[PDB]
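Participant: Quick one: structure below, then a few questions.
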Number of protein chains: 2
Amino acid sequence: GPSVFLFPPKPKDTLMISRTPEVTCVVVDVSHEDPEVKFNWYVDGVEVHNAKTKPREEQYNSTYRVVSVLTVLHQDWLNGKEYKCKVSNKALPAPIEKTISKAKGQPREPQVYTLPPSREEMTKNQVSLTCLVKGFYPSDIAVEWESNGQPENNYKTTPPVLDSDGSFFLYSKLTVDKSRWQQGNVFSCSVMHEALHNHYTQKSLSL
Amino acid sequence: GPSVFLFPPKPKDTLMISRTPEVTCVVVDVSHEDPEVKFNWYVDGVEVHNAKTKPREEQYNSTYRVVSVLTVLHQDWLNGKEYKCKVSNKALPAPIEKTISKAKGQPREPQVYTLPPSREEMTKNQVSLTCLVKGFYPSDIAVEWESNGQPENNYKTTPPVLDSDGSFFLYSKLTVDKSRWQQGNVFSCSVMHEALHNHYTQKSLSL
Ligand SMILES: *[C@@H]1O[C@H](CO[C@@H]2O[C@@H](C)[C@@H](O)[C@@H](O)[C@@H]2O)[C@@H](O[C@@H]2O[C@H](CO)[C@@H](O[C@@H]3O[C@H](CO[C@H]4O[C@H](CO)[C@@H](O)[C@H](O)[C@@H]4O[C@@H]4O[C@H](CO)[C@@H](O[C@@H]5O[C@H](CO)[C@H](O)[C@H](O)[C@H]5O)[C@H](O)[C@H]4NC(C)=O)[C@@H](O)[C@H](O[C@H]4O[C@H](CO)[C@@H](O)[C@H](O)[C@@H]4O[C@@H]4O[C@H](CO)[C@@H](O)[C@H](O)[C@H]4NC(C)=O)[C@@H]3O)[C@H](O)[C@H]2NC(C)=O)[C@H](O)[C@H]1NC(C)=O
Ligand SMILES: *[C@@H]1O[C@H](CO[C@@H]2O[C@@H](C)[C@@H](O)[C@@H](O)[C@@H]2O)[C@@H](O[C@@H]2O[C@H](CO)[C@@H](O[C@@H]3O[C@H](CO[C@H]4O[C@H](CO)[C@@H](O)[C@H](O)[C@@H]4O[C@@H]4O[C@H](CO)[C@@H](O[C@@H]5O[C@H](CO)[C@H](O)[C@H](O)[C@H]5O)[C@H](O)[C@H]4NC(C)=O)[C@@H](O)[C@H](O[C@H]4O[C@H](CO)[C@@H](O)[C@H](O)[C@@H]4O[C@@H]4O[C@H](CO)[C@@H](O)[C@H](O)[C@H]4NC(C)=O)[C@@H]3O)[C@H](O)[C@H]2NC(C)=O)[C@H](O)[C@H]1NC(C)=O
């Protein structure tokens, strides 16, 4: 029978009023014999009607995939409203229901600390600039790096890790040529999170 | 029908000859009617006989879970031999086969760097001692902390993260009372990985 997957908005999309956050309800394994698919959408159990549903699209394995997109209000998501997708198809004994929302719990402000390269790493051609982000809740977060107002791209960021006090932490690693670090250039780690003022902070690192 | 999932040994277990690494074949969706299941195990296709089946454990959805554990030899795993679990059950038209082995490729030695707490962090009652481990392959690794020869309890380690050159990195965070750090206690990050001499290195951190 068909399967339903419900996807949350991206962390950045709920934190910036200029962006447009969406919840996305995807149904796969829709058969040819019962290809009609109905979507109902509920917000805290109250039905809403503004979703945009796409025409079904046959896949190379001869099943259909159908997508419904519900735009959410930033403050609704951050207030913890629950979004329910109900998917009806004639091949199903009963409609499939999925629900998604922000992780429950009291938001906690991320603490952002930058850590310079270790002495021992300075023997190499490239060095590691570290951004520790700890004590935050929920785990939805975005982390970026820049220098002189331009985005540094050569970075990797670990997944959030559940810490022992129930908050989350992560590290981001930016790799730069040691000359750039030794020339005294200024590097900034940027963090977006609902519990930060203006949903954003940056912390600077340099020699 | 039932499903079979096959799990590798813990990284520490294969790296230390005193420990006993095992490959684990887990079978779920075993019915309440006739919950017997037979295991065959092969190492590079040669049948072995030292596996043990654990007691059945029924689940909250009225299914059983059945586990078979095969002890493996340290170099067999490290040399990339393939372990095959064959699961036979009356509900199967034909036996299920799953196969597992170590990630393929040239092992690479971890670089281990300890990073002291940020200046900004010293206002807190506890501080974060960081161990960056980068450039290793495969991703199987174990990290521990100690001080004065005894194991520290309050640490967390991120999962390995694929770096842009195809190696892995991670960070480990040890949280200590700021007093212990300011009194100049020496703290050590321990790393176990197959590409290290004696499968082990230690790097120390202090004020
Ligand atoms: C027939 O074909 C179809 C189509 O496949 C395509 O065509 C065929 C012919 C092939 O060529 C194939 O190569 C093609 O891809 C097959 O359809 C697939 O079916 C499987 C299930 O069988 C689906 O698997 C799930 O995938 C989820 C992840 O999906 C995303 O990521 C993958 C990449 O990994 C993408 O391929 C998908 O398209 C999804 O991409 C996401 O799409 C979102 C919606 O558009 C995006 O979000 C939106 O994005 C916009 C911007 O674009 C905005 O930001 C919006 O705000 C935002 O909403 C999102 O960005 C994008 N992500 C990425 C990374 O690109 C998995 O999450 C899921 O795993 C869960 O479920 C498993 C059980 O199935 C479970 O085991 C997992 O652990 C995980 O479990 C969940 O986790 C917790 C558990 O506590 C719970 O919360 C959940 O309840 C739990 N789940 C359950 C069920 O309990 C699945 O693995 C696959 O996605 C789907 N593909 C497509 C393209 O739809 C079909 O299977 C084929 N059939 C047969 C018989 O062969
Ligand atoms: C009825 O219920 C049962 C029971 O469910 C559970 O129990 C009840 C009481 C409820 O509480 C319920 O909510 C619970 O969920 C259901 O049984 C479940 O069945 C599903 C499948 O339907 C299983 O899902 C797979 O899980 C895999 C991971 O499982 C491990 O991790 C989870 C983490 O939550 C644990 O819960 C599991 O127990 C497993 O834990 C591991 O167990 C190992 C064995 O002991 C441990 O290793 C050993 O440990 C010792 C101690 O260290 C020694 O070290 C040994 O030496 C060592 O070997 C291991 O440490 C331990 N890990 C952890 C973290 O604890 C997933 O991998 C798997 O995903 C597969 O399928 C997905 C489907 O979408 C797919 O998306 C995935 O990608 C993945 O397979 C992928 O396949 C493709 C193709 O190759 C690849 O692209 C991918 O790379 C590949 N893998 C990955 C990772 O991408 C499933 O999610 C579930 O595990 C199982 N639960 C249990 C407890 O067994 C049953 O299904 C229900 N029936 C029905 C009809 O609903």
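Order determines the names: the first chain of the structure tokens is A, the second B, and so forth; residues in each chain are numbered 1 upward, and ligands are numbered 1 upward as they are shown.
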Skip residue 7 of chain A itself and residues of its chain fewer than 4 positions away, then list as a ChimeraX atom specification all residues within 7 Å of it, counting only C-alpha atoms.
Facilitator: /A:23-25
Participant: Residues at most 7 Å from residue 163 of chain B, counting only C-alpha atoms, excluding those fewer than 5 positions away in the same chain, as an MDAnalysis selection string?
Facilitator: (chainID A and resid 156) or (chainID B and resid 168:169)
Participant: When the cut-off is 10 Å and we count only C-alpha atoms, which residues of chain B are near chain A, given as a PDB file with N, CA and C atoms, in the first residue's frame?
Facilitator:
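What landed in result23.pdb:
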```pdb
ATOM      1  N   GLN B 111      44.602  12.354  13.457  1.00  0.00           N
ATOM      2  CA  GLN B 111      45.357  13.428  14.088  1.00  0.00           C
ATOM      3  C   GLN B 111      44.538  13.918  15.274  1.00  0.00           C
ATOM      4  N   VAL B 112      45.146  13.939  16.454  1.00  0.00           N
ATOM      5  CA  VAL B 112      44.442  14.229  17.697  1.00  0.00           C
ATOM      6  C   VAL B 112      44.993  15.521  18.269  1.00  0.00           C
ATOM      7  N   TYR B 113      44.113  16.514  18.464  1.00  0.00           N
ATOM      8  CA  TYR B 113      44.485  17.828  18.978  1.00  0.00           C
ATOM      9  C   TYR B 113      43.551  18.209  20.117  1.00  0.00           C
ATOM     10  N   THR B 114      44.112  18.622  21.241  1.00  0.00           N
ATOM     11  CA  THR B 114      43.300  19.074  22.355  1.00  0.00           C
ATOM     12  C   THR B 114      43.217  20.592  22.338  1.00  0.00           C
ATOM     13  N   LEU B 115      42.034  21.111  22.651  1.00  0.00           N
ATOM     14  CA  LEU B 115      41.769  22.532  22.574  1.00  0.00           C
ATOM     15  C   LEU B 115      41.232  23.003  23.914  1.00  0.00           C
ATOM     16  N   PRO B 116      41.864  23.987  24.540  1.00  0.00           N
ATOM     17  CA  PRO B 116      41.434  24.434  25.876  1.00  0.00           C
ATOM     18  C   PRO B 116      40.120  25.201  25.827  1.00  0.00           C
ATOM     19  N   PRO B 117      39.488  25.434  26.988  1.00  0.00           N
ATOM     20  CA  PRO B 117      38.224  26.184  27.003  1.00  0.00           C
ATOM     21  C   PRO B 117      38.417  27.592  26.465  1.00  0.00           C
ATOM     22  N   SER B 118      37.361  28.133  25.871  1.00  0.00           N
ATOM     23  CA  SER B 118      37.370  29.510  25.399  1.00  0.00           C
ATOM     24  C   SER B 118      37.501  30.500  26.564  1.00  0.00           C
ATOM     25  N   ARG B 119      38.137  31.648  26.280  1.00  0.00           N
ATOM     26  CA  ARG B 119      38.217  32.734  27.263  1.00  0.00           C
ATOM     27  C   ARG B 119      36.826  33.100  27.770  1.00  0.00           C
ATOM     28  N   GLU B 120      35.882  33.296  26.836  1.00  0.00           N
ATOM     29  CA  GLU B 120      34.488  33.666  27.078  1.00  0.00           C
ATOM     30  C   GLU B 120      33.763  32.691  27.967  1.00  0.00           C
ATOM     31  N   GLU B 121      34.203  31.425  27.975  1.00  0.00           N
ATOM     32  CA  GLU B 121      33.552  30.376  28.750  1.00  0.00           C
ATOM     33  C   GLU B 121      33.931  30.384  30.231  1.00  0.00           C
ATOM     34  N   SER B 128      34.590  23.608  29.133  1.00  0.00           N
ATOM     35  CA  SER B 128      34.546  22.596  28.081  1.00  0.00           C
ATOM     36  C   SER B 128      35.965  22.342  27.584  1.00  0.00           C
ATOM     37  N   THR B 130      38.104  20.293  24.872  1.00  0.00           N
ATOM     38  CA  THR B 130      37.782  19.776  23.555  1.00  0.00           C
ATOM     39  C   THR B 130      38.916  18.927  22.995  1.00  0.00           C
ATOM     40  N   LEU B 132      39.758  17.419  19.326  1.00  0.00           N
ATOM     41  CA  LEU B 132      39.476  17.295  17.897  1.00  0.00           C
ATOM     42  C   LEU B 132      40.252  16.109  17.347  1.00  0.00           C
ATOM     43  N   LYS B 134      40.773  14.220  13.663  1.00  0.00           N
ATOM     44  CA  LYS B 134      40.476  14.420  12.252  1.00  0.00           C
ATOM     45  C   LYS B 134      41.384  13.578  11.354  1.00  0.00           C
ATOM     46  N   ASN B 154      31.861  12.822  32.680  1.00  0.00           N
ATOM     47  CA  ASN B 154      31.034  13.849  32.045  1.00  0.00           C
ATOM     48  C   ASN B 154      31.582  14.283  30.685  1.00  0.00           C
ATOM     49  N   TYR B 155      31.535  13.363  29.722  1.00  0.00           N
ATOM     50  CA  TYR B 155      31.955  13.720  28.381  1.00  0.00           C
ATOM     51  C   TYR B 155      30.975  13.160  27.364  1.00  0.00           C
ATOM     52  N   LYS B 156      30.961  13.801  26.199  1.00  0.00           N
ATOM     53  CA  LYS B 156      30.158  13.392  25.061  1.00  0.00           C
ATOM     54  C   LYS B 156      31.009  13.580  23.823  1.00  0.00           C
ATOM     55  N   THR B 157      30.784  12.722  22.832  1.00  0.00           N
ATOM     56  CA  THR B 157      31.570  12.678  21.606  1.00  0.00           C
ATOM     57  C   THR B 157      30.614  12.682  20.418  1.00  0.00           C
ATOM     58  N   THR B 158      30.879  13.532  19.416  1.00  0.00           N
ATOM     59  CA  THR B 158      29.989  13.571  18.267  1.00  0.00           C
ATOM     60  C   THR B 158      30.196  12.309  17.428  1.00  0.00           C
ATOM     61  N   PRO B 159      29.215  11.932  16.611  1.00  0.00           N
ATOM     62  CA  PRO B 159      29.443  10.890  15.608  1.00  0.00           C
ATOM     63  C   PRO B 159      30.531  11.330  14.650  1.00  0.00           C
ATOM     64  N   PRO B 160      31.188  10.396  13.953  1.00  0.00           N
ATOM     65  CA  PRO B 160      32.139  10.793  12.909  1.00  0.00           C
ATOM     66  C   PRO B 160      31.430  11.541  11.791  1.00  0.00           C
ATOM     67  N   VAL B 161      32.107  12.541  11.231  1.00  0.00           N
ATOM     68  CA  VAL B 161      31.527  13.381  10.191  1.00  0.00           C
ATOM     69  C   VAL B 161      32.424  13.311   8.967  1.00  0.00           C
ATOM     70  N   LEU B 162      31.833  12.993   7.821  1.00  0.00           N
ATOM     71  CA  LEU B 162      32.594  12.885   6.582  1.00  0.00           C
ATOM     72  C   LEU B 162      33.177  14.239   6.206  1.00  0.00           C
ATOM     73  N   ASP B 163      34.510  14.312   6.103  1.00  0.00           N
ATOM     74  CA  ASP B 163      35.204  15.538   5.727  1.00  0.00           C
ATOM     75  C   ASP B 163      35.371  15.603   4.202  1.00  0.00           C
ATOM     76  N   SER B 164      35.817  16.757   3.710  1.00  0.00           N
ATOM     77  CA  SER B 164      35.728  16.953   2.267  1.00  0.00           C
ATOM     78  C   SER B 164      36.747  16.118   1.517  1.00  0.00           C
ATOM     79  N   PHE B 169      36.168  13.141  10.656  1.00  0.00           N
ATOM     80  CA  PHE B 169      36.576  13.830  11.867  1.00  0.00           C
ATOM     81  C   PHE B 169      35.437  13.747  12.871  1.00  0.00           C
ATOM     82  N   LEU B 170      35.775  14.041  14.119  1.00  0.00           N
ATOM     83  CA  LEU B 170      34.784  14.198  15.186  1.00  0.00           C
ATOM     84  C   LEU B 170      35.367  15.132  16.236  1.00  0.00           C
ATOM     85  N   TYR B 171      34.536  15.516  17.195  1.00  0.00           N
ATOM     86  CA  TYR B 171      35.007  16.234  18.371  1.00  0.00           C
ATOM     87  C   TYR B 171      34.466  15.522  19.598  1.00  0.00           C
ATOM     88  N   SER B 172      35.255  15.550  20.670  1.00  0.00           N
ATOM     89  CA  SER B 172      34.840  15.083  21.988  1.00  0.00           C
ATOM     90  C   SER B 172      34.925  16.237  22.975  1.00  0.00           C
ATOM     91  N   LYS B 173      33.893  16.373  23.804  1.00  0.00           N
ATOM     92  CA  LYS B 173      33.768  17.472  24.756  1.00  0.00           C
ATOM     93  C   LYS B 173      33.718  16.898  26.165  1.00  0.00           C
ATOM     94  N   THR B 175      33.449  17.960  30.109  1.00  0.00           N
ATOM     95  CA  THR B 175      32.961  19.051  30.933  1.00  0.00           C
ATOM     96  C   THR B 175      33.457  18.827  32.355  1.00  0.00           C
TER      97      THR B 175
END
```
Participant: Could you jot down the atom CA of residue 108 of chain A to atom CA of residue 135 of chain A separation for me, Å, one decimal place?
Facilitator: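 Distance between the two atoms: 6.7 Å.
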Participant: Neighbouring residues of ligand 1 are defined here as those with any atom at most 6 Å from a ligand atom, counting only C-alpha atoms and all ligand atoms; list them as an MDAnalysis selection string.
Facilitator: chainID A and resid 7:10 21:24 28:29 59:61 63
Participant: The selected residues should be written to file as an mmCIF file, in the first residue's frame (atoms: N, CA, C and O atoms).
Facilitator:
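result-v2.cif, freshly written:
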```cif
data_model
loop_
_atom_site.group_PDB
_atom_site.id
_atom_site.type_symbol
_atom_site.label_atom_id
_atom_site.label_comp_id
_atom_site.auth_asym_id
_atom_site.auth_seq_id
_atom_site.Cartn_x
_atom_site.Cartn_y
_atom_site.Cartn_z
ATOM 1 N N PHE A 7 7.608 16.202 6.218
ATOM 2 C CA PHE A 7 8.896 16.825 6.425
ATOM 3 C C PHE A 7 8.721 18.204 7.053
ATOM 4 O O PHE A 7 7.845 18.957 6.642
ATOM 5 N N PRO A 8 9.552 18.567 8.020
ATOM 6 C CA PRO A 8 9.403 19.851 8.683
ATOM 7 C C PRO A 8 9.995 20.947 7.822
ATOM 8 O O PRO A 8 10.522 20.662 6.737
ATOM 9 N N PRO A 9 9.828 22.208 8.205
ATOM 10 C CA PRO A 9 10.548 23.287 7.516
ATOM 11 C C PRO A 9 12.026 23.232 7.878
ATOM 12 O O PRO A 9 12.436 22.514 8.785
ATOM 13 N N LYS A 10 12.827 23.939 7.114
ATOM 14 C CA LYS A 10 14.241 24.046 7.437
ATOM 15 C C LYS A 10 14.430 25.047 8.563
ATOM 16 O O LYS A 10 13.689 26.024 8.646
ATOM 17 N N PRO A 21 8.587 29.284 5.378
ATOM 18 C CA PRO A 21 8.661 27.897 5.855
ATOM 19 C C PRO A 21 7.456 27.089 5.417
ATOM 20 O O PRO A 21 6.339 27.589 5.396
ATOM 21 N N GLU A 22 7.696 25.813 5.102
ATOM 22 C CA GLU A 22 6.684 24.890 4.622
ATOM 23 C C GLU A 22 6.820 23.550 5.315
ATOM 24 O O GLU A 22 7.930 23.123 5.651
ATOM 25 N N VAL A 23 5.679 22.901 5.534
ATOM 26 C CA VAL A 23 5.601 21.487 5.900
ATOM 27 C C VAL A 23 5.198 20.719 4.649
ATOM 28 O O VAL A 23 4.318 21.174 3.901
ATOM 29 N N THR A 24 5.845 19.581 4.386
ATOM 30 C CA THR A 24 5.659 18.880 3.116
ATOM 31 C C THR A 24 5.228 17.438 3.358
ATOM 32 O O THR A 24 5.940 16.664 4.014
ATOM 33 N N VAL A 28 4.153 8.108 -1.374
ATOM 34 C CA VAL A 28 4.732 7.286 -2.426
ATOM 35 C C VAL A 28 4.004 5.948 -2.452
ATOM 36 O O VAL A 28 3.166 5.653 -1.592
ATOM 37 N N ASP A 29 4.347 5.131 -3.461
ATOM 38 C CA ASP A 29 3.751 3.806 -3.667
ATOM 39 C C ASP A 29 2.236 3.882 -3.879
ATOM 40 O O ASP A 29 1.486 3.029 -3.400
ATOM 41 N N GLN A 59 6.427 7.416 -11.294
ATOM 42 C CA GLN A 59 7.839 7.158 -11.066
ATOM 43 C C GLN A 59 8.308 6.033 -11.989
ATOM 44 O O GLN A 59 7.502 5.307 -12.574
ATOM 45 N N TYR A 60 9.633 5.890 -12.111
ATOM 46 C CA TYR A 60 10.173 4.846 -12.976
ATOM 47 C C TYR A 60 9.872 3.434 -12.487
ATOM 48 O O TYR A 60 10.144 2.482 -13.234
ATOM 49 N N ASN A 61 9.360 3.254 -11.270
ATOM 50 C CA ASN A 61 8.929 1.927 -10.828
ATOM 51 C C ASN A 61 7.406 1.750 -10.957
ATOM 52 O O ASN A 61 6.823 0.867 -10.320
ATOM 53 N N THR A 63 4.819 3.375 -9.886
ATOM 54 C CA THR A 63 3.936 3.895 -8.849
ATOM 55 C C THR A 63 3.900 5.413 -8.973
ATOM 56 O O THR A 63 4.819 6.026 -9.519
#
```
Participant: Find the residues near ligand 2. Use a cut-off of 12 Å, count only C-alpha atoms and all ligand atoms, and write them as an MDAnalysis selection string.
Facilitator: (chainID A and resid 3 5) or (chainID B and resid 1:14 19:32 54 56:74 77 83 98:101 142 159)
Participant: Take the residues from that selection and put them in a file with C-alpha atoms, as a compact mmCIF listing (two decimals), in the first residue's frame.
Facilitator:
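The resulting part02.txt:
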```
# COMPACT_ATOMS: atom_id res chain seq x y z
CA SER A 3 3.47 5.28 2.32
CA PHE A 5 6.42 10.97 4.77
CA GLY B 1 7.18 -11.56 6.84
CA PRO B 2 10.11 -11.07 9.22
CA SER B 3 13.05 -8.71 8.71
CA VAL B 4 16.75 -9.31 9.35
CA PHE B 5 19.27 -6.70 10.37
CA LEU B 6 23.02 -7.34 10.68
CA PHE B 7 25.28 -5.20 12.88
CA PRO B 8 29.09 -4.87 13.09
CA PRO B 9 31.15 -5.16 16.29
CA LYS B 10 31.92 -2.17 18.42
CA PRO B 11 35.10 -0.34 17.29
CA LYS B 12 36.85 -0.76 20.65
CA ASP B 13 36.16 -4.51 20.63
CA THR B 14 38.08 -5.18 17.42
CA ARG B 19 38.01 -7.70 24.28
CA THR B 20 35.62 -9.94 22.34
CA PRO B 21 34.17 -8.44 19.15
CA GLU B 22 30.90 -9.87 17.88
CA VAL B 23 28.70 -9.54 14.80
CA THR B 24 24.99 -9.45 15.65
CA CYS B 25 22.08 -10.71 13.50
CA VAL B 26 18.74 -9.32 14.74
CA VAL B 27 15.44 -10.73 13.45
CA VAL B 28 12.21 -8.82 14.07
CA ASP B 29 8.63 -9.39 12.88
CA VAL B 30 8.76 -12.93 14.29
CA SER B 31 5.17 -14.02 14.80
CA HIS B 32 3.72 -15.31 18.08
CA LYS B 54 19.84 -15.38 22.70
CA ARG B 56 13.44 -14.52 22.55
CA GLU B 57 12.13 -11.13 23.69
CA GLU B 58 8.58 -10.18 22.71
CA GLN B 59 7.82 -6.60 21.72
CA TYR B 60 5.01 -4.16 22.59
CA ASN B 61 3.44 -4.83 19.15
CA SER B 62 3.01 -8.57 19.90
CA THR B 63 6.03 -9.59 17.81
CA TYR B 64 9.18 -11.39 18.93
CA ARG B 65 12.78 -10.24 18.56
CA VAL B 66 15.40 -12.94 18.10
CA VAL B 67 19.14 -12.29 18.13
CA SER B 68 22.10 -14.44 17.12
CA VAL B 69 25.62 -13.40 18.16
CA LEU B 70 28.78 -14.51 16.35
CA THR B 71 32.15 -13.89 17.97
CA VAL B 72 34.72 -12.83 15.37
CA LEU B 73 38.49 -12.73 15.25
CA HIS B 74 40.14 -9.33 15.49
CA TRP B 77 37.24 -8.18 10.87
CA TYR B 83 30.22 -12.10 7.45
CA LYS B 98 22.46 -10.38 4.84
CA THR B 99 26.17 -9.64 4.53
CA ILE B 100 28.42 -7.17 6.34
CA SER B 101 32.10 -6.21 6.55
CA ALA B 142 36.49 5.12 20.13
CA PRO B 159 29.44 10.89 15.61
```
